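*Asks:* Below you'll find the sequence and an experimental structure to go with it.
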Amino acid sequence: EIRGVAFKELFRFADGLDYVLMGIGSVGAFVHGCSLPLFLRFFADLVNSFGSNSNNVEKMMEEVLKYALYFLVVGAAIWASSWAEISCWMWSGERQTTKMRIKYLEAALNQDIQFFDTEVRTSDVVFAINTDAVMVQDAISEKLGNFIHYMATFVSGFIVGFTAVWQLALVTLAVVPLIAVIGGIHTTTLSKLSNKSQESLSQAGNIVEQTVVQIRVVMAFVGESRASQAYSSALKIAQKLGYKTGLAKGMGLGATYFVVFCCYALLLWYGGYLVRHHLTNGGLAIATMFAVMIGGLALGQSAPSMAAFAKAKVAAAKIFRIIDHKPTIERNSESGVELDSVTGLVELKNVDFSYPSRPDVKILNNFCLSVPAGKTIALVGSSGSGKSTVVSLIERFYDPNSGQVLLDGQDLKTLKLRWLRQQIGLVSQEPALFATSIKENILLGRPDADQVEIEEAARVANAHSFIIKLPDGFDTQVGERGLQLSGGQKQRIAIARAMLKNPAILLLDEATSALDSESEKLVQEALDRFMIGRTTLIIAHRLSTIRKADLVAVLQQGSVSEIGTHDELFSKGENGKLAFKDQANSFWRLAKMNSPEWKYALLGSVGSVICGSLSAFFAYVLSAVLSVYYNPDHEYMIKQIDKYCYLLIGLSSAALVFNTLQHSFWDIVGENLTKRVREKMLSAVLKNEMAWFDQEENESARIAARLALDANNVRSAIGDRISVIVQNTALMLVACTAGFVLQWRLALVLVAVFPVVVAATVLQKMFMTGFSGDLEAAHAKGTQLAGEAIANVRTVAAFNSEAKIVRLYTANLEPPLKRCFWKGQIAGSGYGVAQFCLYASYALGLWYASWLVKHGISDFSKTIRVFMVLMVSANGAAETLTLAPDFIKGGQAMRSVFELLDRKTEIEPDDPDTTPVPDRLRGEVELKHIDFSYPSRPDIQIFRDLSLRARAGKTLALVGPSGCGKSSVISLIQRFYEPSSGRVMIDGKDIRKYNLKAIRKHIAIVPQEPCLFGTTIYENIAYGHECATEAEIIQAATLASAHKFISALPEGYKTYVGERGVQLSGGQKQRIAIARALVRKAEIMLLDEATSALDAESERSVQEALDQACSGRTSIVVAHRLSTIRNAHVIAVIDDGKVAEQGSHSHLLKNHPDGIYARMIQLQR
Ligand SMILES: Nc1ncnc2c1ncn2[C@@H]1O[C@H](COP(=O)(O)OP(=O)(O)NP(=O)(O)O)[C@@H](O)[C@H]1O
Ligand SMILES: Nc1ncnc2c1ncn2[C@@H]1O[C@H](COP(=O)(O)OP(=O)(O)NP(=O)(O)O)[C@@H](O)[C@H]1O
Ligand SMILES: [Mg+2]
Ligand SMILES: [Mg+2]
């Protein structure tokens, strides 16, 4: 394998326009990166002009106007540079990516079947088509532009810092690694603890998934409380892990706050020292500190670019490996002969095409097809010596081992290999349709034909009137994924696309779509009476296409057996808008649910406020220090700077303490809330009906994913998100108050430009995240078509529609190209306008500060303090606004959770108050006039007003046929599916009114395909009773003949078992389920087919265990029970739920059971 190619090789599909776009985007990214430190330098110059000229009001006003003009120039430069970078990079990346997808699909479909058998697999090719978005649509589309932009920012910030104040820049460059390593430690610890918590949540999801896959026994054996308790224990483990995670996150980010505040205290003291020694200015000091931080952040932000570049190198190496391979199929003449008789006879001296994956195996040894012209020849044989290899031979897949295949005295190997393809028709087992129009999915057989030939191609063969009468319309883009759910329409569309093709050398490889409907009847009229005759190796049915064919040509052991007469039989084993009032109500309900932890939240809230306030205070101090930088009194300057540094150290200590407090307590309340939510969701789902678990969207994997995702989503929505909202609200409040009390009418101006600043900063955050959306979703349709074409590469090569598929792929990928260009242009223009308005607002604020100072309304100190404090307030508001979409997502998860919780259940496992039940029952049950009881699929209605009787202390051994409601009478007994017309009376009264959980504690079951959950067989057996103890388990194991086999292993009771455990035999788990049913010790017992596939001694042991269970008390056994039913008084015999005579095993009345019950026994004997 290859670990990657050269980075430049990723640009192999860049034409002149792509080169121009890349150059323009690179220049724009470089200038946009350099602009921000240049703006810091210009801010330093403006502040120096605005503070150092306090006495000369005219000079400072003129210089402030000049530097506001420079701010406008920088804003325009950022506008142009960001527009260029974003739009050009996105467009060039999209163009190169689309060119690569087109070329890759063409190259892949141009290869032979060998390249997808022993070289790169079909799944690998589809995955490469998927991850072309990851490779080229990501790394060189925008990540390259971001890399250039951030490297430019880093270099420009370093240059600005080291040209303004090199002393302060050097000490700041020394400082930056401290914050970097503190943040790295915090991120590492947080990621590790989050991974551990995620593993705990995954284990909890495994627990709930195991609960719902085995819901049939969990509901029956009143194990819902046990499952809830186990889930709660797992959730408590995950909650302790989340507590550790929250404490670690709070401590780490409080350490970051403490370190940055202390470092700013040191840097501000050193800047005061530099101003005191007349080395530089205060504005220069602030700007050089900020510029070195911006350079450090820029250098840190180019790591994702390098990660994307490495991933791109490896994935481009893969894609180039597929593309650059020259197919061996086209190494032949490709132009030899294309003028042969349409009625051709394929001759095979020796069969070949031993697949290159396993060249040692020779499935086809030696035989000849010797097909008749105009007469249909069939083949049949075993699966191991299959017939599809003959199809591969005929279609010239170029794998000749020893012999050679030739058509009517002309070698296929030396043939054109182009004309042969349309000469040879094909309808394989797979329909192999494509995500394109139905007309195209037929037209691709003969491209030159118009709609008319398509019409008679779909008319002569099969019926196309379904398409005409299709509610979608005359033309259809194969619906969504496939036109037909059944597959008959798919097969007949394939037949029509072969009809536009030449059927001269037709090949029909049967149909694996389970067609046993009128689709086969229509197939009888399509390509079963066609005038010519060639290989039709249909083996779906014995008489289908074989009885009518004049040559059976049975194939076995890679050689043709007796051929010609079809009368002889062949031995084989073949079978034959959205209102937010509802969201607010849901949030209030969730908060009421989270009442017990409100106190904790409140403390965390307090911490948030403090931290919020702290930030403002810090900004204030910083701005205040700047005012002290421009002060003629040196001693007063030193005293004020030292006071501010000490206050800032105190702020750092408070920031650490209250950050740990806020985040620890907010994560504590979030963990408690998500644990409570998960527990309530589990209770709600376990309170539902069995039909609810039957539904597909409530599947086990679906349920686990839904629960985990919803809980995680709301957790964030309620934790760090609300933390940040409260913190930023406190910051904004404190900042506005400080600005207004210092110098109003300028804070009013900054509030006037407040929306501009918050919008521009939100767009800055978006740019940091990335402006290109979901790359895979953008090319979803083209990716789907490419994957379908790759999976059906055999059909594409057979119909010679490689060019048509590639052209359809270009037509599918053009709209994403146009959309990406337009999105890039809109994003670039919007981002540039936002930045220009931001810098215009900054210039306006500083000029208004100058105007207030010149008029004598205010002073420099108050103006600069208000300005900086309001700017940090705007930054906090930006954070809140950019976190709003997570609030939207959390509201969606919240309404999902509260629609799951508030769903009502028809059946109540834990009834509030019902008719009390005695400790021991009689066992008599009457299922009078029962019905199908299957809401999920009401198409079928079994139990046509059927009634069933079970006398107290007696057994029923009903047998029935397969799929006659055999395994559903017990479901009616346990109230899994409520019978609408059925009266199920237990102990003389209906089960609907007694305590359901109490009865389910008094009825045992041995389900068909026995449930083997848990980790140890000991717990599986103990599941039968709450007070399992040890004597009960031992006696149950002994009674059901389940003690010797378990003790055979050294582990015995404490043995690894379950879904992830060691797989054991069916008889062992059946007897384990029987032992669990016995240890349940129930008056009414329900059995199933516990003898599906067992050896002689295991069969005898299972029958003995069943005999003992029946001898115990009242029981219902529904197994086949061909003999030795222990003389049940009655046996219920039914035909699809209809009323029928109850033929007994002893055959007292040998009239009804003679033709039903005894027939299967005679057949098996
Ligand atoms: N790509 C492959 N690599 C290796 N062995 C293969 C491959 N494709 C098919 N086989 C083997 O080919 C043998 C014969 O089956 P084959 O004729 O290919 O298909 P089939 O589905 O059995 N045909 P049919 O009987 O007409 O339905 C089997 O033993 C397969 O394992
Ligand atoms: N999830 C389901 N949704 C709808 N119908 C179902 C579902 N599962 C089973 N059925 C049908 O409900 C009926 C139950 O037949 P029943 O004999 O009780 O079970 P079975 O497992 O089919 N028995 P058997 O064939 O003897 O092993 C049959 O018509 C089933 O096909
Ligand atoms: Mg086949
Ligand atoms: Mg069953």
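*Replies:* Received the coordinates, thanks. Numbers count the residues shown, from 1 in each chain. Ligands and ions are numbered 1, 2, ... in the order given.

*Asks:* CA only for contacts and neighbour counts going forward, please
*Replies:* Will do.

*Asks:* Distance of the residue nearest the centre of the chain relative to residue 1016?
*Replies:* When Cα atoms, centre = their mean is applied to the chain, the residue found nearest the centroid is residue 705 (9.4 Å). Residue 705 is 26 Å from residue 1016, where distance means Cα to Cα, to the nearest Å.

*Asks:* re earlier: quick check: which element contains the residue nearest to the centre of the chain?
*Replies:* For residue 705, the element it lies in under DSSP states H and E is helix 700-718.

*Asks:* Please state the offset of that helix from the chain centre?
*Replies:* Using Cα atoms, centre = their mean, to the nearest Å, the distance from the centre of helix 700-718 to the centre of the chain it belongs to is 13 Å.

*Asks:* Report the contact partners of whatever residue of the stretch 1-150 of the chain ends up closest to ligand 3.
*Replies:* For the stretch 1-150 of the chain and ligand 3, the shortest gap (Cα to the ion) falls at residue 113, measuring 15.4 Å. Counting by Cα atoms under 8 Å, 6 or more residues apart in numbering, residue 113 touches 397, 793-794.

*Asks:* Looking at the residues you listed, which is nearest residue 535?
*Replies:* Closest approach between the contacts of residue 113 and residue 535, by Cα to Cα: residue 397, at 16.7 Å.

*Asks:* Reduced to three states, what does the closest one come out as?
*Replies:* coil (DSSP: H, G, I helix; E, B strand; the rest coil).

*Asks:* that older thread, please report the distance of the residue of the stretch 1-150 of the chain closest to ligand 3 from ligand 1.
*Replies:* Using Cα to the nearest ligand atom, to the nearest Å, one gets 8 Å for the distance from residue 113 to ligand 1.

*Asks:* Can you tell me how far that residue is from residue 407?
*Replies:* 21 Å.

*Asks:* Likewise for residue 889?
*Replies:* Relative to residue 407, and taking Cα to Cα, residue 889 is found at 64 Å.

*Asks:* Quick check on the two: which one has the bigger neighbour count.
*Replies:* residue 407 (22 against 15; other Cα atoms under 10 Å).

*Asks:* Look up phi and psi at the closest residue to residue 964 other than its chain neighbours.
*Replies:* Spatial nearest neighbour of residue 964, chain neighbours left out: residue 1136 (4.6 Å); criterion: Cα to Cα, 6 or more residues apart in numbering. Note on residue 1136: backbone dihedrals following degrees, to the nearest 10 are phi 60, psi 40.

*Asks:* Now do residue 1136 against ligand 2, distance only.
*Replies:* Distance from residue 1136 to ligand 2, by Cα to the nearest ligand atom: 8 Å.

*Asks:* Which secondary structure elements does the helix or strand containing residue 76 sit against?
*Replies:* If you go by DSSP H and E, residue 76 is part of helix 57-110. Packing partners of helix 57-110 (3 or more Cα pairs under 8 Å, 6 or more residues apart in numbering; DSSP states H and E): helix 16-52, helix 122-135, helix 144-164, helix 303-324, helix 780-791, helix 793-799, helix 802-854.

*Asks:* And for the spatially closest residue to residue 302 that is not a sequence neighbour, the neighbour number?
*Replies:* By the measure of Cα to Cα, 6+ apart, the closest residue to residue 302 outside its immediate chain neighbours is residue 147, 5.4 Å from it. By other Cα under 10 Å, the residues close to residue 147 number 26.

*Asks:* and what of residue 1126?
*Replies:* Applying other Cα under 10 Å, we find 16 residues neighbouring residue 1126.

*Asks:* what's the answer for residue 240, then?
*Replies:* When neighbours are counted by other Cα under 10 Å, residue 240 comes out with 15.

*Asks:* and it, that's in a helix?
*Replies:* Yes - counting by three-state DSSP, residue 240 falls inside a helix.

*Asks:* ranges for the strands of the stretch 551-700 of the chain?
*Replies:* Secondary structure of the stretch 551-700 of the chain (DSSP state E, counting those that start in this stretch): strands located at 555-556, 559-560.

*Asks:* residues in this structure within reach of ligand 1, list them.
*Replies:* 117, 355, 357, 383-389, 509 (Cα under 6 Å from any ligand atom).

*Asks:* Filter the residues you listed down to just the ones in helices.
*Replies:* Residues of the residues of the chain next to ligand 1 located in helices (DSSP state H): 117, 388-389.

*Asks:* Kindly present those residues as JSON lines, with separate columns for neighbour count.
*Replies:* As requested, these are arranged in JSON lines below (neighbours: other Cα atoms under 10 Å):
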{"residue": "117", "neighbour count": "13"}
{"residue": "388", "neighbour count": "16"}
{"residue": "389", "neighbour count": "19"}
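
*Asks:* Which one of those is nearest to residue 715?
*Replies:* Distances from residue 715 to these, taken by Cα to Cα, are shortest for residue 117, at 46.8 Å.

*Asks:* Could you report the separation of the closest residue to ligand 4 within the chain from residue 934?
*Replies:* In the chain, the residue that lies nearest ligand 4 is residue 967 (3.7 Å; Cα to the ion). Using Cα to Cα, one obtains 13 Å as the distance from residue 967 to residue 934.

*Asks:* likewise residue 692?
*Replies:* On the measure of Cα to Cα, residue 692 and residue 934 end up 11 Å apart.

*Asks:* got it, and residue 220?
*Replies:* For residue 220, the distance to residue 934 - Cα to Cα - is 18 Å.

*Asks:* do the same with residue 832
*Replies:* 61 Å.

*Asks:* So which of these two has more stuff around it?
*Replies:* Comparing residue 832 with residue 934 by other Cα under 10 Å, the one with more neighbours is residue 832, at 26 against 19.

*Asks:* Confirm for me that the more buried one is in contact with residue 78.
*Replies:* Yes - the criterion here is Cα atoms under 8 Å, and residue 832 meets it with residue 78 at 6.2 Å.

*Asks:* Show me what from the stretch 851-1000 of the chain comes close to ligand 4.
*Replies:* residue 967 (Cα under 5 Å from the ion).

*Asks:* again, only using 6 Å
*Replies:* Taking Cα under 6 Å from the ion as the contact definition, the stretch 851-1000 of the chain meets ligand 4 at 966-967.

*Asks:* now the angle from the helix or strand containing residue 888 to helix 16-52?
*Replies:* Secondary structure assigned from DSSP H and E places residue 888 in helix 860-901. Interaxial angle, helix 860-901 versus helix 16-52 (axes from the mean of the first three to the mean of the last three Cα atoms, to 10 degrees): 130 degrees.

*Asks:* name the helices or strands packed onto helix 860-901?
*Replies:* helix 580-593, helix 598-629, helix 634-686, helix 700-718, helix 720-742, helix 747-752, helix 754-769, helix 802-854.

*Asks:* how many other residues sit next to residue 652?
*Replies:* By other Cα under 10 Å, neighbour count at residue 652 equals 27.

*Asks:* need the contact list for it.
*Replies:* For residue 652, counting by Cα under 8 Å, 6+ apart, the contacting residues are 257-259, 261-262.

*Asks:* Can you narrow those residues down to the ones near ligand 3?
*Replies:* Within the contacts of residue 652, nothing lies near ligand 3 by Cα under 6 Å from the ion.

*Asks:* Closest one of those residues to ligand 1?
*Replies:* Of all those, residue 257 has the smallest distance to ligand 1: 60.8 Å, by Cα to the nearest ligand atom.
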